[PDB]
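Okay, input_7.pdb is below, PDB, C-alpha atoms and all ligand atoms:
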```
ATOM      1  CA  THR D 330     -89.938 153.238-122.364
ATOM      2  CA  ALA D 331     -92.935 150.885-122.069
ATOM      3  CA  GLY D 332     -96.580 151.883-122.271
ATOM      4  CA  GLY D 333     -98.010 155.304-121.512
ATOM      5  CA  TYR D 334    -101.129 157.359-122.133
ATOM      6  CA  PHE D 335    -102.303 159.517-124.997
ATOM      7  CA  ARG D 336    -106.098 159.646-125.416
ATOM      8  CA  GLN D 337    -105.967 155.957-124.326
ATOM      9  CA  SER D 338    -103.499 153.502-122.833
ATOM     10  CA  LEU D 339    -100.569 152.660-125.109
ATOM     11  CA  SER D 340     -98.739 149.453-126.015
ATOM     12  CA  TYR D 341     -95.704 151.316-127.412
ATOM     13  CA  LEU D 342     -92.200 150.077-126.645
ATOM     14  CA  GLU D 343     -89.551 152.500-127.905
ATOM     15  CA  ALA D 344     -85.879 153.156-127.145
ATOM     16  CA  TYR D 345     -83.976 156.464-127.371
ATOM     17  CA  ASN D 346     -80.348 156.801-128.495
ATOM     18  CA  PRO D 347     -78.832 159.941-126.884
ATOM     19  CA  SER D 348     -75.835 159.621-129.249
ATOM     20  CA  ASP D 349     -77.504 159.816-132.682
ATOM     21  CA  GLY D 350     -80.830 161.230-131.393
ATOM     22  CA  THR D 351     -83.093 158.665-133.108
ATOM     23  CA  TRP D 352     -85.871 156.418-131.757
ATOM     24  CA  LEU D 353     -86.146 152.630-132.298
ATOM     25  CA  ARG D 354     -89.593 150.976-132.576
ATOM     26  CA  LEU D 355     -89.926 147.613-130.762
ATOM     27  CA  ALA D 356     -92.485 144.945-129.799
ATOM     28  CA  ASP D 357     -95.832 146.178-128.452
ATOM     29  CA  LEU D 358     -97.001 145.291-124.961
ATOM     30  CA  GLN D 359     -99.378 142.354-124.845
ATOM     31  CA  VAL D 360    -101.874 144.609-123.021
ATOM     32  CA  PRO D 361    -101.875 148.453-123.190
ATOM     33  CA  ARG D 362    -101.051 150.204-119.932
ATOM     34  CA  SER D 363    -100.577 153.674-118.477
ATOM     35  CA  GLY D 364     -99.485 154.453-114.941
ATOM     36  CA  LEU D 365     -97.039 151.534-114.924
ATOM     37  CA  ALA D 366     -93.412 151.394-113.811
ATOM     38  CA  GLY D 367     -90.452 149.840-115.633
ATOM     39  CA  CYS D 368     -87.381 148.090-114.231
ATOM     40  CA  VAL D 369     -84.505 145.762-115.178
ATOM     41  CA  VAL D 370     -83.438 142.495-113.560
ATOM     42  CA  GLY D 371     -80.838 140.283-115.228
ATOM     43  CA  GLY D 372     -80.779 142.666-118.161
ATOM     44  CA  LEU D 373     -84.476 141.874-118.710
ATOM     45  CA  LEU D 374     -86.986 144.726-118.945
ATOM     46  CA  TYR D 375     -90.061 144.340-116.731
ATOM     47  CA  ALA D 376     -93.376 146.211-116.848
ATOM     48  CA  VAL D 377     -95.395 146.297-113.606
ATOM     49  CA  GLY D 378     -98.986 147.253-112.791
ATOM     50  CA  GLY D 379    -100.763 150.157-114.431
ATOM     51  CA  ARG D 380    -104.177 150.497-116.068
ATOM     52  CA  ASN D 381    -105.830 150.015-119.478
ATOM     53  CA  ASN D 382    -107.762 153.190-120.240
ATOM     54  CA  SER D 383    -109.726 152.657-123.472
ATOM     55  CA  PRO D 384    -113.228 153.536-124.740
ATOM     56  CA  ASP D 385    -114.264 150.001-123.645
ATOM     57  CA  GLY D 386    -112.971 149.859-120.098
ATOM     58  CA  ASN D 387    -110.590 151.099-117.447
ATOM     59  CA  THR D 388    -108.943 148.138-115.731
ATOM     60  CA  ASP D 389    -106.098 148.392-113.256
ATOM     61  CA  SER D 390    -103.263 145.971-113.781
ATOM     62  CA  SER D 391    -101.666 143.404-111.516
ATOM     63  CA  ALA D 392     -99.769 142.005-114.486
ATOM     64  CA  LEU D 393     -96.002 141.543-114.474
ATOM     65  CA  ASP D 394     -94.557 141.091-117.944
ATOM     66  CA  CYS D 395     -91.018 140.467-119.189
ATOM     67  CA  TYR D 396     -89.281 141.649-122.373
ATOM     68  CA  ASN D 397     -86.036 140.047-123.577
ATOM     69  CA  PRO D 398     -83.857 142.564-125.481
ATOM     70  CA  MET D 399     -82.136 140.025-127.753
ATOM     71  CA  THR D 400     -85.440 138.188-128.254
ATOM     72  CA  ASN D 401     -87.990 141.047-128.628
ATOM     73  CA  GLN D 402     -90.645 138.867-126.930
ATOM     74  CA  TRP D 403     -92.974 139.487-123.989
ATOM     75  CA  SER D 404     -93.755 136.736-121.499
ATOM     76  CA  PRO D 405     -96.347 136.665-118.709
ATOM     77  CA  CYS D 406     -94.831 136.487-115.251
ATOM     78  CA  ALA D 407     -96.842 135.999-112.099
ATOM     79  CA  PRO D 408     -99.437 138.689-111.325
ATOM     80  CA  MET D 409     -99.171 140.820-108.205
ATOM     81  CA  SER D 410    -101.514 140.125-105.318
ATOM     82  CA  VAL D 411    -103.509 143.297-106.083
ATOM     83  CA  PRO D 412    -103.839 145.653-109.092
ATOM     84  CA  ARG D 413    -101.587 148.719-108.829
ATOM     85  CA  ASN D 414    -102.234 151.722-111.050
ATOM     86  CA  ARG D 415     -99.696 154.585-110.765
ATOM     87  CA  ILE D 416     -97.139 152.298-109.165
ATOM     88  CA  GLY D 417     -93.572 152.693-107.996
ATOM     89  CA  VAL D 418     -90.926 149.991-108.290
ATOM     90  CA  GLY D 419     -87.358 149.566-107.145
ATOM     91  CA  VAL D 420     -84.721 146.888-107.622
ATOM     92  CA  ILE D 421     -82.657 145.741-104.624
ATOM     93  CA  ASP D 422     -80.009 143.152-105.585
ATOM     94  CA  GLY D 423     -82.139 141.648-108.336
ATOM     95  CA  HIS D 424     -85.540 141.686-106.599
ATOM     96  CA  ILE D 425     -88.683 143.562-107.667
ATOM     97  CA  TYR D 426     -90.585 145.741-105.192
ATOM     98  CA  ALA D 427     -94.075 146.897-106.161
ATOM     99  CA  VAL D 428     -95.138 149.903-104.106
ATOM    100  CA  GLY D 429     -98.438 151.656-103.579
ATOM    101  CA  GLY D 430    -100.656 152.319-106.550
ATOM    102  CA  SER D 431    -104.409 152.217-106.748
ATOM    103  CA  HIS D 432    -107.243 149.813-107.497
ATOM    104  CA  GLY D 433    -110.440 151.739-108.011
ATOM    105  CA  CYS D 434    -111.027 153.861-104.945
ATOM    106  CA  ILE D 435    -108.497 151.806-102.975
ATOM    107  CA  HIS D 436    -105.188 153.540-102.336
ATOM    108  CA  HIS D 437    -102.517 151.001-101.526
ATOM    109  CA  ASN D 438     -99.956 151.322 -98.834
ATOM    110  CA  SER D 439     -99.066 147.650 -99.351
ATOM    111  CA  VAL D 440     -95.750 146.586-100.890
ATOM    112  CA  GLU D 441     -94.913 143.287-102.620
ATOM    113  CA  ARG D 442     -91.694 141.545-103.642
ATOM    114  CA  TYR D 443     -91.054 139.458-106.766
ATOM    115  CA  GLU D 444     -88.280 136.896-107.357
ATOM    116  CA  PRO D 445     -87.317 136.833-111.080
ATOM    117  CA  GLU D 446     -85.716 133.380-111.256
ATOM    118  CA  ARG D 447     -88.452 131.959-108.973
ATOM    119  CA  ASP D 448     -91.437 133.905-110.443
ATOM    120  CA  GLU D 449     -93.318 134.505-107.156
ATOM    121  CA  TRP D 450     -94.929 137.424-105.274
ATOM    122  CA  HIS D 451     -95.306 137.986-101.514
ATOM    123  CA  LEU D 452     -96.510 140.885 -99.380
ATOM    124  CA  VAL D 453     -94.124 142.660 -97.001
ATOM    125  CA  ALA D 454     -94.301 145.642 -94.660
ATOM    126  CA  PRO D 455     -96.934 148.220 -95.652
ATOM    127  CA  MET D 456     -95.804 151.821 -96.096
ATOM    128  CA  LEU D 457     -96.803 154.284 -93.371
ATOM    129  CA  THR D 458     -98.744 156.183 -96.042
ATOM    130  CA  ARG D 459    -101.196 155.291 -98.761
ATOM    131  CA  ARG D 460     -99.429 156.467-101.936
ATOM    132  CA  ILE D 461    -100.627 156.603-105.556
ATOM    133  CA  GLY D 462     -98.268 158.163-108.046
ATOM    134  CA  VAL D 463     -95.320 157.323-105.773
ATOM    135  CA  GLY D 464     -91.755 157.731-106.959
ATOM    136  CA  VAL D 465     -89.564 154.838-105.865
ATOM    137  CA  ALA D 466     -85.773 154.595-105.874
ATOM    138  CA  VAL D 467     -82.963 152.532-104.348
ATOM    139  CA  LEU D 468     -79.894 154.218-102.839
ATOM    140  CA  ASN D 469     -77.345 152.279-100.747
ATOM    141  CA  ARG D 470     -79.507 149.125-100.898
ATOM    142  CA  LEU D 471     -82.378 151.090 -99.312
ATOM    143  CA  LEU D 472     -85.832 151.636-100.829
ATOM    144  CA  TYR D 473     -87.471 155.081-100.950
ATOM    145  CA  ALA D 474     -91.158 155.877-101.420
ATOM    146  CA  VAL D 475     -91.381 159.542-102.414
ATOM    147  CA  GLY D 476     -94.366 161.833-102.906
ATOM    148  CA  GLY D 477     -97.636 160.590-104.295
ATOM    149  CA  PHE D 478    -101.347 160.865-103.483
ATOM    150  CA  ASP D 479    -103.255 159.275-100.572
ATOM    151  CA  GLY D 480    -106.763 159.883-101.955
ATOM    152  CA  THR D 481    -107.161 163.345-100.473
ATOM    153  CA  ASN D 482    -103.750 164.915-100.062
ATOM    154  CA  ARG D 483    -100.812 164.989-102.407
ATOM    155  CA  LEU D 484     -97.622 164.282-100.513
ATOM    156  CA  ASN D 485     -94.211 165.835 -99.903
ATOM    157  CA  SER D 486     -93.321 163.086 -97.444
ATOM    158  CA  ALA D 487     -90.884 160.308 -98.141
ATOM    159  CA  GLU D 488     -90.274 157.058 -96.344
ATOM    160  CA  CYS D 489     -87.510 154.476 -96.473
ATOM    161  CA  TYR D 490     -87.697 150.696 -96.641
ATOM    162  CA  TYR D 491     -85.068 148.598 -94.892
ATOM    163  CA  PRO D 492     -85.095 145.128 -96.524
ATOM    164  CA  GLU D 493     -83.286 143.142 -93.832
ATOM    165  CA  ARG D 494     -85.234 144.894 -91.069
ATOM    166  CA  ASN D 495     -88.505 144.849 -93.109
ATOM    167  CA  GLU D 496     -89.654 148.176 -91.685
ATOM    168  CA  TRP D 497     -90.666 151.593 -93.006
ATOM    169  CA  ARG D 498     -89.078 154.763 -91.646
ATOM    170  CA  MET D 499     -90.312 158.243 -92.481
ATOM    171  CA  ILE D 500     -87.573 160.649 -93.544
ATOM    172  CA  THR D 501     -87.230 164.372 -94.209
ATOM    173  CA  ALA D 502     -90.045 165.541 -96.446
ATOM    174  CA  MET D 503     -89.459 167.298 -99.737
ATOM    175  CA  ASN D 504     -89.867 171.038 -99.960
ATOM    176  CA  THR D 505     -92.535 170.549-102.654
ATOM    177  CA  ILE D 506     -95.740 168.497-102.789
ATOM    178  CA  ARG D 507     -95.265 165.971-105.625
ATOM    179  CA  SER D 508     -97.637 163.393-107.068
ATOM    180  CA  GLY D 509     -96.575 161.621-110.227
ATOM    181  CA  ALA D 510     -93.055 162.978-110.013
ATOM    182  CA  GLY D 511     -90.186 161.233-111.739
ATOM    183  CA  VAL D 512     -87.939 159.780-109.050
ATOM    184  CA  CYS D 513     -84.492 158.183-109.469
ATOM    185  CA  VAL D 514     -80.927 158.246-108.128
ATOM    186  CA  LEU D 515     -78.270 160.309-109.932
ATOM    187  CA  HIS D 516     -74.802 160.627-108.440
ATOM    188  CA  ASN D 517     -75.589 159.367-104.975
ATOM    189  CA  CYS D 518     -78.620 161.443-104.001
ATOM    190  CA  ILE D 519     -82.314 160.761-104.623
ATOM    191  CA  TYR D 520     -83.774 163.004-107.310
ATOM    192  CA  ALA D 521     -87.470 163.872-107.497
ATOM    193  CA  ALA D 522     -88.463 165.799-110.624
ATOM    194  CA  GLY D 523     -91.694 167.548-111.512
ATOM    195  CA  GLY D 524     -95.035 166.124-110.470
ATOM    196  CA  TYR D 525     -98.416 167.511-109.537
ATOM    197  CA  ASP D 526     -99.363 169.191-106.267
ATOM    198  CA  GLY D 527    -103.150 169.265-106.579
ATOM    199  CA  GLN D 528    -103.055 172.643-108.354
ATOM    200  CA  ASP D 529    -100.112 172.829-110.780
ATOM    201  CA  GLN D 530     -97.789 170.630-112.752
ATOM    202  CA  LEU D 531     -94.215 171.172-111.629
ATOM    203  CA  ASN D 532     -90.885 171.886-113.247
ATOM    204  CA  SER D 533     -88.836 172.246-110.058
ATOM    205  CA  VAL D 534     -86.420 169.455-109.194
ATOM    206  CA  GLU D 535     -84.921 168.593-105.853
ATOM    207  CA  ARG D 536     -82.313 166.186-104.614
ATOM    208  CA  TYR D 537     -81.986 164.401-101.280
ATOM    209  CA  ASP D 538     -78.551 163.886 -99.668
ATOM    210  CA  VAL D 539     -78.658 160.986 -97.205
ATOM    211  CA  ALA D 540     -75.740 162.046 -94.984
ATOM    212  CA  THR D 541     -77.405 165.394 -94.201
ATOM    213  CA  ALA D 542     -81.048 164.214 -94.483
ATOM    214  CA  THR D 543     -81.565 167.333 -96.568
ATOM    215  CA  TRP D 544     -83.442 168.168 -99.771
ATOM    216  CA  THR D 545     -81.954 170.812-102.051
ATOM    217  CA  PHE D 546     -83.344 172.294-105.245
ATOM    218  CA  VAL D 547     -81.426 172.184-108.528
ATOM    219  CA  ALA D 548     -82.136 173.712-111.922
ATOM    220  CA  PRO D 549     -85.806 173.309-112.899
ATOM    221  CA  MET D 550     -86.726 171.428-116.030
ATOM    222  CA  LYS D 551     -87.785 173.572-118.971
ATOM    223  CA  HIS D 552     -91.341 172.165-119.118
ATOM    224  CA  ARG D 553     -93.666 171.492-116.193
ATOM    225  CA  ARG D 554     -94.678 167.837-116.272
ATOM    226  CA  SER D 555     -96.409 165.258-114.098
ATOM    227  CA  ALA D 556     -96.580 161.521-114.800
ATOM    228  CA  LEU D 557     -93.136 161.761-116.388
ATOM    229  CA  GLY D 558     -90.851 158.832-117.009
ATOM    230  CA  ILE D 559     -87.468 158.889-115.312
ATOM    231  CA  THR D 560     -84.258 156.886-115.578
ATOM    232  CA  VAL D 561     -80.472 157.298-115.395
ATOM    233  CA  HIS D 562     -78.305 156.708-118.498
ATOM    234  CA  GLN D 563     -74.564 157.471-118.685
ATOM    235  CA  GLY D 564     -74.542 159.382-115.419
ATOM    236  CA  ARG D 565     -77.368 161.739-116.444
ATOM    237  CA  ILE D 566     -81.109 162.123-115.749
ATOM    238  CA  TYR D 567     -83.699 161.719-118.514
ATOM    239  CA  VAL D 568     -87.320 162.935-118.207
ATOM    240  CA  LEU D 569     -89.771 161.596-120.808
ATOM    241  CA  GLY D 570     -93.216 162.868-121.751
ATOM    242  CA  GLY D 571     -95.747 163.651-119.054
ATOM    243  CA  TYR D 572     -98.617 166.108-118.864
ATOM    244  CA  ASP D 573     -98.445 169.871-118.259
ATOM    245  CA  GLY D 574    -102.050 170.950-117.750
ATOM    246  CA  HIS D 575    -102.608 171.391-121.473
ATOM    247  CA  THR D 576    -100.821 168.834-123.666
ATOM    248  CA  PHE D 577     -99.130 165.439-123.547
ATOM    249  CA  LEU D 578     -95.466 166.151-124.170
ATOM    250  CA  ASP D 579     -93.147 164.277-126.446
ATOM    251  CA  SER D 580     -90.488 166.650-125.131
ATOM    252  CA  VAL D 581     -87.493 164.904-123.590
ATOM    253  CA  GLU D 582     -85.231 166.998-121.363
ATOM    254  CA  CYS D 583     -81.766 166.050-120.142
ATOM    255  CA  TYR D 584     -80.214 167.394-116.953
ATOM    256  CA  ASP D 585     -76.524 168.166-116.868
ATOM    257  CA  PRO D 586     -75.472 168.117-113.208
ATOM    258  CA  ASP D 587     -72.021 169.591-113.868
ATOM    259  CA  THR D 588     -73.563 172.831-115.112
ATOM    260  CA  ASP D 589     -76.917 172.274-113.365
ATOM    261  CA  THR D 590     -78.860 172.800-116.586
ATOM    262  CA  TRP D 591     -81.606 171.014-118.498
ATOM    263  CA  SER D 592     -81.852 170.900-122.275
ATOM    264  CA  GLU D 593     -84.378 169.330-124.623
ATOM    265  CA  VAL D 594     -82.618 166.486-126.394
ATOM    266  CA  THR D 595     -85.340 164.937-128.589
ATOM    267  CA  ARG D 596     -89.058 164.603-129.141
ATOM    268  CA  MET D 597     -90.788 161.308-128.539
ATOM    269  CA  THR D 598     -92.354 159.773-131.638
ATOM    270  CA  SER D 599     -95.683 160.775-130.056
ATOM    271  CA  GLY D 600     -96.590 162.856-127.035
ATOM    272  CA  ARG D 601     -97.497 160.729-124.040
ATOM    273  CA  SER D 602     -97.530 160.471-120.259
ATOM    274  CA  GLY D 603     -97.448 157.762-117.622
ATOM    275  CA  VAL D 604     -94.859 155.439-119.148
ATOM    276  CA  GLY D 605     -92.665 152.847-117.492
ATOM    277  CA  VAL D 606     -88.926 153.277-118.043
ATOM    278  CA  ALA D 607     -85.698 151.331-117.506
ATOM    279  CA  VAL D 608     -82.313 151.199-119.209
ATOM    280  CA  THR D 609     -80.128 148.793-121.150
TER
HETATM  281  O1  LIG N   1    -102.607 162.860-107.764
HETATM  282  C1  LIG N   1    -102.981 162.438-108.891
HETATM  283  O2  LIG N   1    -104.248 162.505-108.813
HETATM  284  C2  LIG N   1    -102.512 160.993-109.113
HETATM  285  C3  LIG N   1    -101.149 160.875-109.811
HETATM  286  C4  LIG N   1    -101.108 161.621-111.139
HETATM  287  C5  LIG N   1    -100.466 162.853-111.235
HETATM  288  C6  LIG N   1    -100.444 163.542-112.443
HETATM  289  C7  LIG N   1    -101.050 162.981-113.562
HETATM  290  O3  LIG N   1    -101.029 163.652-114.788
HETATM  291  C8  LIG N   1    -101.682 161.744-113.470
HETATM  292  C9  LIG N   1    -101.712 161.066-112.259
END
```

Re-express the file's structure as structure tokens.
Amino acid sequence: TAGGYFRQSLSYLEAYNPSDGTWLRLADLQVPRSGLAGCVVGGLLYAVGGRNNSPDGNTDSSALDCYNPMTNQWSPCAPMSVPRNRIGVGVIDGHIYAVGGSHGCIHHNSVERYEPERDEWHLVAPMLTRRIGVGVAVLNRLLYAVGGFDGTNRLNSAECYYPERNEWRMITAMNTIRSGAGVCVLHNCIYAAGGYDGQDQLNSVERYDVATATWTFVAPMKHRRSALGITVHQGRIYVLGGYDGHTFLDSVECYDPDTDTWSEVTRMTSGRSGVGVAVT
């Protein structure tokens, strides 16, 4: 987990061990950020976009920054073409897709691709929808923009990116309006967890099966949370932090699919929301 928000933007980089339950402190971000996404290419942990909320400013980020796990050092990579706060990212065969996000009052539908060994960015097909707080996930080498906020409406729609065809295709919408949901793939179906619908923070969770183009609910999380971090470790889903309408959780819940149950597995070292997350 990289970055996050609690009273201001965070530089924290911490790792959770689901075996012994403890948390490992690691090298701070060069620049604090909330509303960023995390991802892994070549075993390297990347932190994309976001925003530095502090008592001195609120600047959206175009930064891309790389952390080496054996080296514990951050390096500047090329910036995106535009700042993207509340971004979604997905990895397709070692490439970085930066999706949506905001810059001030501007709500991006644009998408951009980064080449890790070549350190370059280029724009591609824009989404059909302007999406802030978009969940992004890759399933069967296909990219999914899920949920989010267009500036007026929070979204239950979802659209799919075809790399080779470089086109966006709307798909079946979710049952539930979700902005700032945690979105990932677990088993072989896209999971969208929690989020915010313009009125409430959500605990419901729903999964999309490609072969039936259908969304189905599963067990809700224990705690309603938007701006949660999401990733998949040892065949299970992990939700981290987020906001519930009253407090910034350190609560971490773990979904068991076999039973279809969630359980709180740890507390973060400090309550927070809006982190970037990836796994090694
Ligand atoms: O729709 C929202 O306004 C944008 C995304 C967003 C959702 C929840 C949250 O706590 C922070 C950000």

Residue members of the PyMOL selection byres (((not hetatm)) within 7 of (chain N and resi 1)) in the file shown, as a PyMOL selection string:
chain D and resi 415+461-462+477-478+483+508-509+524-525+527+555-556+571-572

For the PyMOL selection byres (((chain D and resi 439) around 6) and not hetatm), applied here, can you spell out every residue it catches as a list in words?
residues 429, 437, 438, 440 and 455 of chain D

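Distance-wise, CA of residue 585 in chain D and CA of residue 534 in chain D end up 12.6 Å apart.
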
Do you know which residues are at most 8 Å from residue 450 in chain D counting all atoms listed in the file, after dropping those on the same chain fewer than 5 positions away, and could you put them as an MDAnalysis selection string?
chainID D and resid 407:410 441:444

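Atom to atom, CA of residue 522 in chain D and CA of residue 337 in chain D stand 24.3 Å apart.
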
Using the chain letters and numbers from the file, give me the residues hit by the PyMOL selection byres (((chain D and resi 558) around 8) and not hetatm), as a PyMOL selection string.
chain D and resi 330+511+556-557+559-560+567-571+602-606

I'd like the interatomic distance between CA of residue 597 in chain D and CA of residue 376 in chain D, to a tenth of an Å.
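CA of residue 376 in chain D lies at a distance of 19.3 Å from CA of residue 597 in chain D.
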
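Distances from D:388, D:485, D:495, D:351 to residue 596 in chain D were compared using all atoms listed in the file, and the smallest one belongs to D:351.
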
Residues within 9 Å of (-85.5, 142.7, -106.9), file coordinates, counting all atoms listed in the file: what are they? Give the list as JSON, numbers by chain.
{"D": [369, 370, 419, 420, 421, 422, 423, 424, 425, 426, 442, 443, 444, 445]}
